[PDB]
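Following: one structure in structure tokens, then a few remarks.
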Amino acid sequence: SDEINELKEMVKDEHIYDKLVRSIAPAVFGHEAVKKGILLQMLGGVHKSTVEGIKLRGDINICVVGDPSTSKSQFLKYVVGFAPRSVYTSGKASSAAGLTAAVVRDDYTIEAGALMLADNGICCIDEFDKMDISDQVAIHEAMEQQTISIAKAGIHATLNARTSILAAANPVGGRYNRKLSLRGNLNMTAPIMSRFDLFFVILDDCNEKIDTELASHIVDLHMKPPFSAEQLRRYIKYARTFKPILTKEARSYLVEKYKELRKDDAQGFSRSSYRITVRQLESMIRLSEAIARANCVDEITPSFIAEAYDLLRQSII
Amino acid sequence: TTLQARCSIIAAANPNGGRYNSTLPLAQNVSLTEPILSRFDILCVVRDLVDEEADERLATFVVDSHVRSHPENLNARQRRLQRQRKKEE
Amino acid sequence: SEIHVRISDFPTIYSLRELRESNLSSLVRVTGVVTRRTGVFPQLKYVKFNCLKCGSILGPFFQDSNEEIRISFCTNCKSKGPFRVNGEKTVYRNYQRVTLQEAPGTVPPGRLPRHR
Amino acid sequence: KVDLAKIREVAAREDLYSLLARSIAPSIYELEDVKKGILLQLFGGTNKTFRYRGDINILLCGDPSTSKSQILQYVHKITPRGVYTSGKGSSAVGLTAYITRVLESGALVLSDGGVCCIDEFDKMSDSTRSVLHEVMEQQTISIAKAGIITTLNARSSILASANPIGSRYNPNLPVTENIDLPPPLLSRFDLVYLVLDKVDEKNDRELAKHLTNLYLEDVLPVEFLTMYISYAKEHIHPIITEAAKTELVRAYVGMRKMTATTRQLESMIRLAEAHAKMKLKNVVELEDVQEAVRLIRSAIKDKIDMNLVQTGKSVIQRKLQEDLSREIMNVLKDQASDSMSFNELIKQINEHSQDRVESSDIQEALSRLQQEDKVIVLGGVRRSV
Amino acid sequence: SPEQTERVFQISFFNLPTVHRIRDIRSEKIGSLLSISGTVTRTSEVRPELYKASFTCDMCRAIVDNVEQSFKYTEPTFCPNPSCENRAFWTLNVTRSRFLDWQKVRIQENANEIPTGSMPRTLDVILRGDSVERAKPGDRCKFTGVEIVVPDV
Amino acid sequence: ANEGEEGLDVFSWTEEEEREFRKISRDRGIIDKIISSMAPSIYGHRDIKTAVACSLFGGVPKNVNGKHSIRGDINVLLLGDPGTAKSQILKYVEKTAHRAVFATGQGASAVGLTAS
Ligand SMILES: Nc1ncnc2c1ncn2[C@@H]1O[C@H](COP(=O)(O)OP(=O)(O)O)[C@@H](O)[C@H]1O
Ligand SMILES: Nc1ncnc2c1ncn2[C@@H]1O[C@H](COP(=O)(O)OP(=O)(O)O)[C@@H](O)[C@H]1O
Ligand SMILES: [Zn+2]
Ligand SMILES: [Zn+2]
């Protein structure tokens, strides 16, 4: 009875966007863009079923790359302990088969992997770089089609796994190199990179003021927030109740901005789109739906698509 | 046992390195060998080439499909079937 | 000789986990995968037997395909006796059990399937 | 089958540190930093919730002939809760919960707040490294087998003893690359102790004499240690003052500009909390902060160069990538086809570019160039673009 | 709606002052209100118990109803018709009899209260009526109810 | 997911449906109508849709004198860059074909296919 009035005073705030991007992960110092992306993962898009029977992904997949002391795993713990239907896993290995369904002699039966346990939820994966090749080719179907198909011995099935992926991958060979491209620092190939919605590069820079503020902040959580956790959960679920719809000017701005995105990724003579695909177009429509859910509105303005393109322009470099 | 499996096999593969090279032949583009390639009747090669106008019509089609397939767009089932047929015509 | 009717599209779909005591002696629509299928077996649609001590024969009883017909007595003698099938009127119908396991995409993730 | 005033009388003494340091391992004279690290593991931090783990973690890198399993036996006997296990004895998912017959679970959940002492820690399987990754980080094991999902609170302090491969290893080149364990485990251990030492005939005569003195002839008691840890772990709750945070942050600034991570700072926090738990003062003073800084400084004595990566290898990988690009350009000038055999091109690159390196480094740089998509591989065949 | 049966009211008593462990269960306190914390290993199928049973005599078609089955399937002995002298051969009435849901969940004590070097002791817990499918396997959970003893059927 | 097909067999037909089939089969340009209507949610890719139509309809298996056997089905490989909707066509064939089995990656064993 009081919570609906509290929700009403949330949705009429003038600076909803800043409050929601600051309320995500209050223990973690800094990285407001990563908090914004994690918030958009909690909101997400809407699942669409085409009349031709073709399914379109409504989930959002973040990859976070950073130095070995950058609190990527702290973001993972926050999302696991905060969001419902969330599963923490290690990408390298697990008990029996991790992230994949396995056949068990008992006549074979299915053990669900960590992707399946995060049904309609978030699967936070740590050490995503050294994951197995079977896990690689199962993720290659698991992000977009949201199904894992297992045909082994006498048992064959398809298994629906509606899962939004948050991954934290260290760069191989040491820290992140600022001179190299973002593709060079990671062990992932082209298609599984294009399957991710957005990327976040975080660096452990060495300055006096930032280190002193960070150290005083992290000792200030040891025996010393715009929204509370239940308040954040209620507002996020209320944003999940919204299903936004597009306007014609939004379609015109999206096709022109996809033209602008498609022009800028030219690899010289080859005329090859190495990173920008149609998956970036579905990424922009999903982020526009998530931002329209963030302001609790039923329509997507072209400014929302501009903010989504700003997010992809931040992730592209 | 000699079972019957009269199967039409539709496969979806990727080129070597993740992208197809237009200047290279088909043999080292794939990791497949000659016999597994030889049974396949039609081998459709798709190249993601950047175009100023094909991307425009493709983007308009995909955005219109995402608009059209949204859930928020005499009985309930009869009018549901009628509007689904009107949507798919 | 006999026609049969397959009732289609029951509006309530019940999975194997959701079956309770209220759904007994009623039509249920169940989604599941078949794992084990036995062979085709002939089954007596009408069971009839011959009492050995008495000249009277036991009447034909319809088989419900769940449990065998319990012969407490005979129609002329009120006690149990030797009973064997007469070839005067015999009707055979096909019978096959299938183990309908719940579909692994339908079950909750990580849980156990149910068998009926 | 088969009061607290004694705690308070040693709590008021100022010499309880060396007393408890020689009480834990009276047989071993040297490595007082090792026994005080294990001692601070027995005390440990407080369980914090709003959650961060308060326990410190110790990995002993040393020769098997050097006495370390005696120390593991002693910390097993001293502790109220704790399990000694062998790395060769239990692997796969044996140390965590496994379904048998019921759910028979391992020592990582049966020892809540206690020490799990793993001997021969080098023989961990990859599944056991993956289990231990959420043992250190999440302090919670989780499995999903046979319809059973369980999320069990580990909350355990781990003491591991590792074995270097073969011979004892020189201190000139870093010791961490000899250890077979992955650097994700080494980055989560709070304290690493190099038990390696060389003979100098000073106290080895004393070691032999007192080792034969048990044959020639026949400090706090262990039960007092047990009740002292049991009283300190739950009935004593230290707090952090606002004053000591300034010395903490300038100490971290001094560590970073020398080389340090924020895990080291949070290790100082939990180490000072454990020392305040030992002193029974229920307050973190100045002195435990500099003691924790000194102990972590001595640990780092042994830009962080983690992931088993030294910066010389990190730059010579790119140098070999540039050398392979130059060799590919020379091959392209020599012949139109860029495809070459791996062995002949690797031999030419090793002979022509610089001094002799491993053949795996050149193909690792080529796999780097696969990731940057500059060079394509087939198989082998290496085609430059 | 012609079918109308007596409602099977189920009484639940929660919030006991103390909770018992499986190791603390003794046979001196059966039939008593106890609360047990544990982890479910596996759960059974939601099956129908024969709660109240109705039978027909095979001789004179007399009806005996409200036969109660405690732990084994029982049939009436004496035919209520004084003219009939039937003792065996009673046919069950599936429609007239009243059934209840049944579930048998198997629990063991939690890892916090497991002592050094012991296999966990097990206990079967019966859920009937509304409480079926409430407890999923592998969860820390508290059951409050009755300690009973079952014979060899 | 479509609840509009009400019947036991979705691929069954009535006599009026057969009459409409015979009506639309005699239209010139029915080949291009089938090709353009195959996977309607995908733009372009005329070679892909044509190859999928050829594989979905298939040829005729032949038996010559009881001595020679000729395969009748058509196998189609789609090699392409990522982001070109190669898998959505496969899911459309899963929706469209009378019998459709899926496999991918390392999850398909050597005896998960074929038979075991
Ligand atoms: N900016 C920050 N704010 C709060 N806590 C931090 C911050 N940076 C680091 N930490 C703490 O330090 C730890 C950093 O570990 P992390 O960088 O996640 O390791 P990895 O890179 O191996 O995942 C986290 O557990 C977190 O609690
Ligand atoms: N006409 C089209 N051309 C290319 N991609 C499209 C088209 N229409 C939709 N898509 C997108 O393609 C995605 C599926 O691609 P997918 O087949 O998984 O890639 P891959 O071919 O690498 O497996 C869908 O998310 C959809 O948004
Ligand atoms: Zn008779
Ligand atoms: Zn009677």
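For chain A, we keep the numbers from Swiss-Prot: what you see runs 510-615, 620-737, 744-836, in order.
Going by what the header records, the deposited coordinates were determined by electron microscopy, 3.7 Å.
Every residue, even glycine, has its Cβ placed from backbone N, Cα and C.
Copied from Swiss-Prot, the annotated features are:
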- A:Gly575, A:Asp576, A:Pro577, A:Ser578, A:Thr579, A:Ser580, A:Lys581, A:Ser582: ATP binding site (BINDING)
- A:707-710: motif 'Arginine finger' (MOTIF)
- A:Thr766: phosphothreonine (MOD_RES)
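Ranking the binding-site residues A:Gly575, A:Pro577 by other CB atoms within 10 A of the CB puts A:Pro577 at the bottom. Highlighted here would be the binding-site residues (A:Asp576, A:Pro577, A:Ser578, A:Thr579, A:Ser580, A:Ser582) whose C-beta falls below 6 Å from ligand 4, but none qualifies.
Counting other Cβ atoms within 10 Å of each Cβ, the lowest count among the recorded positions A:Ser580, A:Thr766 belongs to A:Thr766. Excluding A:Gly575, A:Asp576, A:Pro577, A:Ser578, A:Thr579, A:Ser580, A:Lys581, A:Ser582, which define the ATP site, the same chain contributes A:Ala681, A:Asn683, A:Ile715, A:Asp717 within 8 Å (Cβ to the Cβ centroid), listed in sequence order. Counted within 10 Å of its Cβ, the other Cβ atoms near A:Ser578 (ATP binding site) come to 16, all protein chains included. A:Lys581 (ATP binding site): 25 other CB atoms within 10 A of its CB, across all protein chains. The distance from the Cα of A:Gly575 (ATP binding site) to the Cα of the residue listed as 'phosphothreonine' comes to 38 Å.
One residue stands out among the binding-site residues A:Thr579, A:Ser582 for having the most other Cβ atoms within 10 Å of its Cβ: A:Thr579. Close to A:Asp576 (ATP binding site) in the fold, though at least 6 residues off in sequence, lie A:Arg688, A:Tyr689, A:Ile715, A:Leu716, A:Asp717, each with a CB less than 8 Å from its CB. Listed recorded positions A:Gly575, A:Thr579, A:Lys581, A:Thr766 compared with chain D at a CB cut-off under 8 A give none as close ones. A:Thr766 (phosphothreonine) and A:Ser580 (ATP binding site) are 39 Å apart (CA-CA, integer value).
Within the set of binding-site residues A:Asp576, A:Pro577, A:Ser578, A:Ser580, A:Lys581, A:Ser582, A:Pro577, A:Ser578, A:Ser580, A:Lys581, A:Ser582 have a CB atom less than 6 Å from some atom of ligand 1. Taking the Cα atom of each, A:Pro577 (ATP binding site) and the residue listed as 'phosphothreonine' are about 44 angstrom apart. In the three-state DSSP assignment, the secondary structure recorded for A:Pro577 (ATP binding site) is coil. Cα of A:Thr766 (phosphothreonine) to Cα of A:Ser578 (ATP binding site): a distance of 44 Å.
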